[PDB]
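Dumped start24.pdb below, it's PDB, C-alpha atoms:
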```pdb
MODEL        1
ATOM      1  CA  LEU V   3       0.000   0.000   0.000
ATOM      2  CA  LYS V   4       3.006   2.278   0.423
ATOM      3  CA  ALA V   5       3.774   2.377  -3.312
ATOM      4  CA  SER V   6       0.239   3.136  -4.468
ATOM      5  CA  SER V   7      -0.272   5.578  -1.596
ATOM      6  CA  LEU V   8       2.617   7.890  -2.485
ATOM      7  CA  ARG V   9       1.730   7.760  -6.177
ATOM      8  CA  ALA V  10      -1.897   8.569  -5.381
ATOM      9  CA  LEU V  11      -0.983  11.477  -3.091
ATOM     10  CA  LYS V  12       0.971  13.110  -5.920
ATOM     11  CA  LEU V  13      -1.987  12.606  -8.280
ATOM     12  CA  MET V  14      -4.546  14.208  -5.957
ATOM     13  CA  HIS V  15      -6.706  17.156  -6.824
ATOM     14  CA  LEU V  16      -7.285  18.023  -3.180
ATOM     15  CA  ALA V  17     -10.877  19.173  -3.132
ATOM     16  CA  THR V  18     -12.780  21.515  -0.874
ATOM     17  CA  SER V  19     -15.468  19.870   1.226
ATOM     18  CA  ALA V  20     -17.761  22.939   1.087
ATOM     19  CA  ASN V  21     -21.234  23.119  -0.420
ATOM     20  CA  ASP V  23     -20.495  27.210   2.055
ATOM     21  CA  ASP V  24     -16.842  28.007   1.485
ATOM     22  CA  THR V  25     -14.555  30.608   3.091
ATOM     23  CA  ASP V  26     -11.144  32.148   2.430
ATOM     24  CA  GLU V  27      -9.971  30.547   5.676
ATOM     25  CA  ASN V  28     -10.921  27.060   4.545
ATOM     26  CA  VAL V  29      -9.351  27.563   1.117
ATOM     27  CA  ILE V  30      -6.120  28.856   2.680
ATOM     28  CA  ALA V  31      -6.082  25.783   4.946
ATOM     29  CA  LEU V  32      -6.609  23.567   1.889
ATOM     30  CA  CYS V  33      -3.641  25.179   0.135
ATOM     31  CA  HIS V  34      -1.429  24.461   3.139
ATOM     32  CA  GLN V  35      -2.746  20.894   3.351
ATOM     33  CA  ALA V  36      -1.738  20.300  -0.292
ATOM     34  CA  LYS V  37       1.893  20.778   0.778
ATOM     35  CA  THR V  38       1.856  17.548   2.769
ATOM     36  CA  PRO V  39       4.626  16.439   5.106
ATOM     37  CA  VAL V  40       5.905  13.896   2.543
ATOM     38  CA  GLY V  41       4.853  15.199  -0.858
ATOM     39  CA  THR V  42       2.845  17.780  -2.741
ATOM     40  CA  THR V  43      -0.513  17.151  -4.434
ATOM     41  CA  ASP V  44      -0.863  17.964  -8.114
ATOM     42  CA  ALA V  45      -3.723  20.415  -7.621
ATOM     43  CA  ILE V  46      -6.486  21.739  -5.456
ATOM     44  CA  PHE V  47     -10.162  21.812  -6.438
ATOM     45  CA  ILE V  48     -12.149  24.815  -5.212
ATOM     46  CA  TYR V  49     -15.077  27.058  -6.112
ATOM     47  CA  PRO V  50     -14.207  29.642  -8.779
ATOM     48  CA  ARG V  51     -14.392  32.782  -6.593
ATOM     49  CA  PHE V  52     -11.527  31.499  -4.442
ATOM     50  CA  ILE V  53      -9.039  31.039  -7.254
ATOM     51  CA  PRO V  54      -7.290  34.424  -6.848
ATOM     52  CA  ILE V  55      -6.686  34.044  -3.108
ATOM     53  CA  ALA V  56      -5.609  30.427  -3.586
ATOM     54  CA  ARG V  57      -3.078  31.391  -6.255
ATOM     55  CA  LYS V  58      -1.504  33.946  -3.923
ATOM     56  CA  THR V  59      -1.450  31.475  -1.021
ATOM     57  CA  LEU V  60       0.184  28.731  -3.085
ATOM     58  CA  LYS V  61       2.877  31.143  -4.304
ATOM     59  CA  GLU V  62       3.661  32.422  -0.813
ATOM     60  CA  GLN V  63       4.238  28.903   0.561
ATOM     61  CA  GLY V  64       6.651  28.202  -2.311
ATOM     62  CA  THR V  65       4.418  25.816  -4.285
ATOM     63  CA  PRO V  66       3.327  27.803  -7.343
ATOM     64  CA  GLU V  67       3.386  24.530  -9.270
ATOM     65  CA  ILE V  68       0.182  23.348  -7.579
ATOM     66  CA  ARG V  69      -2.613  23.704 -10.106
ATOM     67  CA  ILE V  70      -6.003  25.191  -9.395
ATOM     68  CA  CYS V  71      -9.040  23.386 -10.720
ATOM     69  CA  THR V  72     -12.647  24.438 -10.396
ATOM     70  CA  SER V  73     -16.218  23.513 -11.324
ATOM     71  CA  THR V  74     -18.905  24.812 -13.685
ATOM     72  CA  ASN V  75     -22.502  23.777 -14.448
ATOM     73  CA  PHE V  76     -22.053  22.253 -10.985
ATOM     74  CA  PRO V  77     -23.286  20.117  -9.418
ATOM     75  CA  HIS V  78     -26.585  19.734 -11.267
ATOM     76  CA  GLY V  79     -25.510  19.388 -14.899
ATOM     77  CA  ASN V  80     -28.334  21.504 -16.289
ATOM     78  CA  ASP V  81     -29.022  21.775 -20.036
ATOM     79  CA  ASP V  82     -28.418  25.503 -20.441
ATOM     80  CA  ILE V  83     -25.302  26.027 -22.552
ATOM     81  CA  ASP V  84     -25.303  29.825 -22.177
ATOM     82  CA  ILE V  85     -25.084  29.475 -18.414
ATOM     83  CA  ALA V  86     -22.457  26.702 -18.487
ATOM     84  CA  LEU V  87     -20.362  28.719 -20.932
ATOM     85  CA  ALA V  88     -20.622  31.986 -18.958
ATOM     86  CA  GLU V  89     -19.566  30.140 -15.811
ATOM     87  CA  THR V  90     -16.645  28.617 -17.703
ATOM     88  CA  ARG V  91     -15.535  32.013 -19.044
ATOM     89  CA  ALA V  92     -15.693  33.399 -15.500
ATOM     90  CA  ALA V  93     -13.619  30.476 -14.152
ATOM     91  CA  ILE V  94     -11.027  31.188 -16.833
ATOM     92  CA  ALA V  95     -11.013  34.910 -15.902
ATOM     93  CA  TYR V  96     -10.567  34.108 -12.202
ATOM     94  CA  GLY V  97      -7.390  32.243 -13.199
ATOM     95  CA  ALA V  98      -8.318  28.534 -13.293
ATOM     96  CA  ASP V  99      -5.780  26.039 -14.641
ATOM     97  CA  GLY V 100      -8.560  23.482 -15.147
ATOM     98  CA  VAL V 101     -12.349  23.567 -15.327
ATOM     99  CA  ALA V 102     -14.556  20.546 -14.624
ATOM    100  CA  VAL V 103     -17.951  21.019 -16.285
ATOM    101  CA  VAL V 104     -20.868  18.776 -15.401
ATOM    102  CA  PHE V 105     -22.243  16.989 -18.457
ATOM    103  CA  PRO V 106     -26.029  17.334 -18.959
ATOM    104  CA  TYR V 107     -26.503  13.742 -17.908
ATOM    105  CA  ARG V 108     -30.242  13.961 -17.210
ATOM    106  CA  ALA V 109     -30.751  15.137 -20.793
ATOM    107  CA  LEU V 110     -28.780  12.107 -21.986
ATOM    108  CA  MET V 111     -30.875   9.867 -19.731
ATOM    109  CA  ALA V 112     -33.963  11.333 -21.456
ATOM    110  CA  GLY V 113     -32.518  10.449 -24.874
ATOM    111  CA  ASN V 114     -30.838  13.741 -25.866
ATOM    112  CA  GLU V 115     -27.258  13.173 -27.059
ATOM    113  CA  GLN V 116     -26.925  16.541 -28.792
ATOM    114  CA  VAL V 117     -27.052  18.902 -25.829
ATOM    115  CA  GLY V 118     -24.067  17.231 -24.126
ATOM    116  CA  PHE V 119     -22.002  17.420 -27.299
ATOM    117  CA  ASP V 120     -22.723  21.116 -27.820
ATOM    118  CA  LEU V 121     -22.310  22.032 -24.134
ATOM    119  CA  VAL V 122     -18.925  20.316 -23.810
ATOM    120  CA  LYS V 123     -17.744  21.654 -27.171
ATOM    121  CA  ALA V 124     -18.612  25.253 -26.276
ATOM    122  CA  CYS V 125     -16.784  24.996 -22.945
ATOM    123  CA  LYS V 126     -13.784  23.282 -24.551
ATOM    124  CA  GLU V 127     -13.412  26.042 -27.143
ATOM    125  CA  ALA V 128     -13.231  28.658 -24.405
ATOM    126  CA  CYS V 129     -10.847  26.627 -22.247
ATOM    127  CA  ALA V 130      -8.489  25.680 -25.067
ATOM    128  CA  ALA V 131      -8.161  29.340 -26.109
ATOM    129  CA  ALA V 132      -7.013  30.149 -22.561
ATOM    130  CA  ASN V 133      -4.706  27.141 -21.984
ATOM    131  CA  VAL V 134      -7.140  25.653 -19.474
ATOM    132  CA  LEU V 135      -7.792  21.900 -19.469
ATOM    133  CA  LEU V 136     -11.458  20.875 -19.585
ATOM    134  CA  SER V 137     -12.594  17.950 -17.441
ATOM    135  CA  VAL V 138     -16.109  16.608 -17.999
ATOM    136  CA  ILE V 139     -18.053  15.079 -15.111
ATOM    137  CA  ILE V 140     -20.569  12.556 -16.426
ATOM    138  CA  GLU V 141     -22.139  11.525 -13.072
ATOM    139  CA  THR V 142     -21.883   7.751 -13.427
ATOM    140  CA  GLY V 143     -23.813   7.256 -10.163
ATOM    141  CA  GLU V 144     -26.887   8.837 -11.779
ATOM    142  CA  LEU V 145     -26.392   7.346 -15.254
ATOM    143  CA  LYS V 146     -26.016   3.918 -13.600
ATOM    144  CA  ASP V 147     -26.324   1.853 -16.783
ATOM    145  CA  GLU V 148     -23.142   0.719 -18.571
ATOM    146  CA  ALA V 149     -24.454   1.776 -21.989
ATOM    147  CA  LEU V 150     -25.187   5.304 -20.730
ATOM    148  CA  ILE V 151     -21.802   5.594 -19.016
ATOM    149  CA  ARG V 152     -20.103   4.578 -22.278
ATOM    150  CA  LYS V 153     -22.237   6.964 -24.328
ATOM    151  CA  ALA V 154     -21.639   9.982 -22.064
ATOM    152  CA  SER V 155     -17.909   9.229 -22.159
ATOM    153  CA  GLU V 156     -17.934   8.933 -25.932
ATOM    154  CA  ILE V 157     -19.855  12.147 -26.476
ATOM    155  CA  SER V 158     -17.605  14.029 -24.026
ATOM    156  CA  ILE V 159     -14.495  12.768 -25.809
ATOM    157  CA  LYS V 160     -15.852  13.630 -29.269
ATOM    158  CA  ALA V 161     -16.701  17.125 -28.025
ATOM    159  CA  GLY V 162     -13.139  17.643 -26.799
ATOM    160  CA  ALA V 163     -12.880  16.588 -23.136
ATOM    161  CA  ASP V 164      -9.289  16.605 -21.820
ATOM    162  CA  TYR V 165     -10.369  14.386 -18.870
ATOM    163  CA  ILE V 166     -13.491  12.390 -18.173
ATOM    164  CA  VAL V 167     -14.551  12.331 -14.537
ATOM    165  CA  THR V 168     -16.919   9.951 -12.784
ATOM    166  CA  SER V 169     -18.762  12.194 -10.400
ATOM    167  CA  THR V 170     -19.457  15.485  -8.700
ATOM    168  CA  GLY V 171     -19.149  14.010  -5.207
ATOM    169  CA  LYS V 172     -22.586  15.517  -4.490
ATOM    170  CA  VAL V 173     -24.920  12.615  -5.337
ATOM    171  CA  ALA V 174     -25.681   9.296  -3.665
ATOM    172  CA  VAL V 175     -23.239   7.258  -5.761
ATOM    173  CA  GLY V 176     -19.757   8.337  -6.864
ATOM    174  CA  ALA V 177     -16.948   6.403  -8.517
ATOM    175  CA  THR V 178     -16.808   2.626  -8.372
ATOM    176  CA  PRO V 179     -14.066   0.418  -9.753
ATOM    177  CA  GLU V 180     -16.654  -0.834 -12.241
ATOM    178  CA  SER V 181     -17.519   2.603 -13.633
ATOM    179  CA  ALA V 182     -13.812   3.494 -13.693
ATOM    180  CA  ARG V 183     -13.089   0.421 -15.816
ATOM    181  CA  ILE V 184     -15.920   1.237 -18.229
ATOM    182  CA  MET V 185     -14.767   4.823 -18.720
ATOM    183  CA  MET V 186     -11.127   3.881 -19.150
ATOM    184  CA  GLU V 187     -12.129   1.264 -21.720
ATOM    185  CA  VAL V 188     -13.828   3.992 -23.740
ATOM    186  CA  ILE V 189     -10.598   6.016 -23.686
ATOM    187  CA  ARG V 190      -8.770   2.965 -25.053
ATOM    188  CA  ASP V 191     -11.388   1.969 -27.619
ATOM    189  CA  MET V 192     -11.583   5.483 -29.053
ATOM    190  CA  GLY V 193      -7.796   5.672 -29.352
ATOM    191  CA  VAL V 194      -7.502   8.804 -27.221
ATOM    192  CA  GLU V 195      -5.297   7.526 -24.401
ATOM    193  CA  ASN V 196      -2.809  10.323 -25.131
ATOM    194  CA  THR V 197      -5.343  13.167 -25.087
ATOM    195  CA  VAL V 198      -7.894  12.100 -22.473
ATOM    196  CA  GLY V 199      -7.277  11.450 -18.801
ATOM    197  CA  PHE V 200      -9.432   9.793 -16.157
ATOM    198  CA  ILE V 201     -10.511  11.050 -12.704
ATOM    199  CA  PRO V 202     -12.508   9.079 -10.137
ATOM    200  CA  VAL V 203     -14.429  11.270  -7.678
ATOM    201  CA  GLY V 204     -16.521  10.371  -4.691
ATOM    202  CA  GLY V 205     -15.500   6.734  -4.262
ATOM    203  CA  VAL V 206     -11.856   6.771  -3.176
ATOM    204  CA  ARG V 207     -11.587   7.290   0.565
ATOM    205  CA  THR V 208      -8.840   4.950   1.719
ATOM    206  CA  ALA V 209      -5.344   4.002   0.655
ATOM    207  CA  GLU V 210      -6.804   0.574  -0.174
ATOM    208  CA  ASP V 211      -9.315   2.224  -2.532
ATOM    209  CA  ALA V 212      -6.614   4.273  -4.254
ATOM    210  CA  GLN V 213      -4.524   1.148  -4.793
ATOM    211  CA  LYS V 214      -7.414  -0.549  -6.555
ATOM    212  CA  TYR V 215      -8.079   2.366  -8.917
ATOM    213  CA  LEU V 216      -4.413   2.799  -9.890
ATOM    214  CA  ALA V 217      -4.274  -0.960 -10.478
ATOM    215  CA  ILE V 218      -6.992  -0.562 -13.131
ATOM    216  CA  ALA V 219      -5.027   2.162 -14.890
ATOM    217  CA  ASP V 220      -1.839   0.115 -14.847
ATOM    218  CA  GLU V 221      -3.695  -2.984 -16.068
ATOM    219  CA  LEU V 222      -5.338  -1.153 -18.993
ATOM    220  CA  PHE V 223      -2.628   1.264 -20.124
ATOM    221  CA  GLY V 224       0.669   0.230 -18.563
ATOM    222  CA  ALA V 225       2.311   1.553 -15.436
ATOM    223  CA  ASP V 226       3.690   4.721 -17.056
ATOM    224  CA  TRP V 227       0.378   6.080 -18.303
ATOM    225  CA  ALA V 228      -1.161   7.496 -15.098
ATOM    226  CA  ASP V 229       0.804  10.722 -14.788
ATOM    227  CA  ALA V 230      -0.852  14.017 -13.804
ATOM    228  CA  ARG V 231      -2.014  14.812 -17.348
ATOM    229  CA  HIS V 232      -3.771  11.430 -17.606
ATOM    230  CA  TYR V 233      -4.943  10.599 -14.094
ATOM    231  CA  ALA V 234      -6.063  12.367 -10.925
ATOM    232  CA  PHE V 235      -7.851  11.528  -7.697
ATOM    233  CA  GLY V 236     -10.558  14.111  -6.993
ATOM    234  CA  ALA V 237     -10.840  13.694  -3.255
ATOM    235  CA  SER V 238     -10.646  15.386   0.126
ATOM    236  CA  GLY V 239      -9.093  15.069   3.575
ATOM    237  CA  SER V 240     -10.097  11.496   4.388
ATOM    238  CA  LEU V 241      -8.235  10.117   1.442
ATOM    239  CA  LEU V 242      -5.259  12.352   2.134
ATOM    240  CA  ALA V 243      -5.186  11.307   5.811
ATOM    241  CA  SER V 244      -5.457   7.639   4.847
ATOM    242  CA  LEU V 245      -2.608   7.964   2.328
ATOM    243  CA  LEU V 246      -0.397   9.704   4.891
ATOM    244  CA  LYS V 247      -1.266   7.017   7.474
ATOM    245  CA  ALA V 248      -0.306   4.253   5.043
ATOM    246  CA  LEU V 249       2.955   6.120   4.500
TER
ENDMDL
END
```
Any chance you could put this one into structure tokens?
Amino acid sequence: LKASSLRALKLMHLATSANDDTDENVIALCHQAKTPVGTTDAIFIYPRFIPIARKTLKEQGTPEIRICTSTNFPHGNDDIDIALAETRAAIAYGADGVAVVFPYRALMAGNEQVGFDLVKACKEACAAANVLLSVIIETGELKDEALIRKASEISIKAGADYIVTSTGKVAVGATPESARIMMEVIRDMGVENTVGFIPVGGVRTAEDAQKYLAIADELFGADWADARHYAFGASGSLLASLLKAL
């Protein structure tokens, strides 16, 4: 568990636990990302806190820690104008990465077009600003393998730089099963170089993290899951469990 734990710590997007948030909590999160035995790849926070986070990260000597944030979140509504405006604002605040929630309920109702157009609009804005676009498909709500594959496919076709299981705000988050399905889509579409994978809302222990990294290594080889291709979107419990294991 030591090997997977250190690797997982470095791949974390250490996420706020707010629904809520304050400067004080975000500053604490920045400090927590500089762990006693390694530094996480990123933090994940609400957009309005990006400027204060950037300053905090610089002043503790870790300007390399990326700042990711959320849009169309957590509900994954259909409205592209709103999702796009939120994405443009996240970019203006200074985000390194934006995770947009796919309109998964629309897909569940049979509408494949809205998700394509919503992701594509957000990707165009992000790409222009050198911001990576993650797409959260909400596997715990989609539930069905065919729908999980379809949402992944549409997101990839529309330009997702990562596909992400979950918001962490619904009853069911990542499972090793949904992770496997999504990673198989990345392989089958031939986009393993351009699309990463992020489990959210199902990795709480070192033992969990080991299992998820094992899937990546099994499917793509041990060298694939670097920061550009893999992240753990998770909070303090996972981080504490990783540090304990270490």
Per-residue nearest contacts stretch 33-52 of chain V to stretch 64-81 of chain V, cut-off 9 Å, using all atoms listed in the file, as CSV:
```
residue,atom,partner,partner_atom,distance
V:33,CA,V:68,CA,8.8
V:36,CA,V:68,CA,8.1
V:37,CA,V:65,CA,7.6
V:42,CA,V:68,CA,7.8
V:43,CA,V:68,CA,7.0
V:44,CA,V:68,CA,5.5
V:45,CA,V:69,CA,4.3
V:46,CA,V:70,CA,5.3
V:47,CA,V:71,CA,4.7
V:48,CA,V:72,CA,5.2
V:49,CA,V:72,CA,5.6
V:50,CA,V:72,CA,5.7
```
Would you translate the PyMOL selection byres ((chain V and resi 90) around 9) into the concrete set of residues it matches in this file, as a PyMOL selection string? chain V and resi 73-75+85-89+91-95+101-103+125+128-129
Env of stretch 172-178 of chain V: 12 Å cut, atoms = all atoms listed in the file, seq-sep filter 4 positions within chain, self excluded. Answer as a PyMOL selection string. chain V and resi 19-21+76-79+104+139-146+151+166-168+182-185+200-207+211-212+214-215+218+235-237
Pull C-alpha atoms from the residues just selected and write them as an mmCIF file, in the coordinates of the input.
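Just written: out_26.cif:
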```
data_model
loop_
_atom_site.group_PDB
_atom_site.id
_atom_site.type_symbol
_atom_site.label_atom_id
_atom_site.label_comp_id
_atom_site.auth_asym_id
_atom_site.auth_seq_id
_atom_site.Cartn_x
_atom_site.Cartn_y
_atom_site.Cartn_z
ATOM 1 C CA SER V 19 -15.468 19.870 1.226
ATOM 2 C CA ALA V 20 -17.761 22.939 1.087
ATOM 3 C CA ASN V 21 -21.234 23.119 -0.420
ATOM 4 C CA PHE V 76 -22.053 22.253 -10.985
ATOM 5 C CA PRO V 77 -23.286 20.117 -9.418
ATOM 6 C CA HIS V 78 -26.585 19.734 -11.267
ATOM 7 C CA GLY V 79 -25.510 19.388 -14.899
ATOM 8 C CA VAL V 104 -20.868 18.776 -15.401
ATOM 9 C CA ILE V 139 -18.053 15.079 -15.111
ATOM 10 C CA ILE V 140 -20.569 12.556 -16.426
ATOM 11 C CA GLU V 141 -22.139 11.525 -13.072
ATOM 12 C CA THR V 142 -21.883 7.751 -13.427
ATOM 13 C CA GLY V 143 -23.813 7.256 -10.163
ATOM 14 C CA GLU V 144 -26.887 8.837 -11.779
ATOM 15 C CA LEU V 145 -26.392 7.346 -15.254
ATOM 16 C CA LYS V 146 -26.016 3.918 -13.600
ATOM 17 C CA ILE V 151 -21.802 5.594 -19.016
ATOM 18 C CA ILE V 166 -13.491 12.390 -18.173
ATOM 19 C CA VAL V 167 -14.551 12.331 -14.537
ATOM 20 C CA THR V 168 -16.919 9.951 -12.784
ATOM 21 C CA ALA V 182 -13.812 3.494 -13.693
ATOM 22 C CA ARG V 183 -13.089 0.421 -15.816
ATOM 23 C CA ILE V 184 -15.920 1.237 -18.229
ATOM 24 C CA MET V 185 -14.767 4.823 -18.720
ATOM 25 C CA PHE V 200 -9.432 9.793 -16.157
ATOM 26 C CA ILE V 201 -10.511 11.050 -12.704
ATOM 27 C CA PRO V 202 -12.508 9.079 -10.137
ATOM 28 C CA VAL V 203 -14.429 11.270 -7.678
ATOM 29 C CA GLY V 204 -16.521 10.371 -4.691
ATOM 30 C CA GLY V 205 -15.500 6.734 -4.262
ATOM 31 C CA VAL V 206 -11.856 6.771 -3.176
ATOM 32 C CA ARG V 207 -11.587 7.290 0.565
ATOM 33 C CA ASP V 211 -9.315 2.224 -2.532
ATOM 34 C CA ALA V 212 -6.614 4.273 -4.254
ATOM 35 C CA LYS V 214 -7.414 -0.549 -6.555
ATOM 36 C CA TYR V 215 -8.079 2.366 -8.917
ATOM 37 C CA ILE V 218 -6.992 -0.562 -13.131
ATOM 38 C CA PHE V 235 -7.851 11.528 -7.697
ATOM 39 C CA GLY V 236 -10.558 14.111 -6.993
ATOM 40 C CA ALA V 237 -10.840 13.694 -3.255
#
```
Can you work out the spacing between atom CA of residue V:111 and atom CA of residue V:181 in Å, to one decimal?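 We find that atom CA of residue V:111 and atom CA of residue V:181 lie 16.4 Å from each other.
The interatomic distance for the pair atom CA of residue V:110 and atom CA of residue V:135 works out to 23.3 Å.
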Nearest to residue V:98 among V:208, V:133, V:213, V:170, with distances taken over only C-alpha atoms: which residue is it? V:133
Å distance separating atom CA of residue V:53 from atom CA of residue V:26, one decimal place: 10.0 Å
Neighbouring residues of residue V:228 were defined as those with any atom within 8 Å, considering only C-alpha atoms; residues of the same chain fewer than 5 positions away were excluded. Please report them as a list in words. residues 216, 219, 220 and 233 of chain V
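Among the candidates V:23, V:191, V:221, V:156, the residue lying nearest to residue V:119 is V:156 (atoms considered: only C-alpha atoms).
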So, counting all atoms listed in the file, which residue among V:188, V:193, V:199, V:248 is closest to residue V:229?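 Residue with the minimum atom-to-atom distance to residue V:229: V:199.
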Go through V:148, V:210, V:131, V:123 and flag the residue nearest residue V:160, using only C-alpha atoms for the distances.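 The answer is V:123, which sits nearest to residue V:160.
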So that all listed atoms of stretch 35-38 of chain V fit with 6 Å spare on each side, what axis-aligned box centre and edge lengths in Å, to one decimal, would you give as lines of an AutoDock Vina configuration file?
```
center_x = -0.4
center_y = 19.2
center_z = 1.5
size_x = 16.6
size_y = 15.3
size_z = 15.6
```
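Closest approach to residue V:10 from the set V:82, V:234, V:126, V:58 is made by V:234, with distances taken over only C-alpha atoms.
Take the candidates V:27, V:105, V:84, V:41 and check each one against residue V:169 using only C-alpha atoms; the shortest distance goes to V:105.
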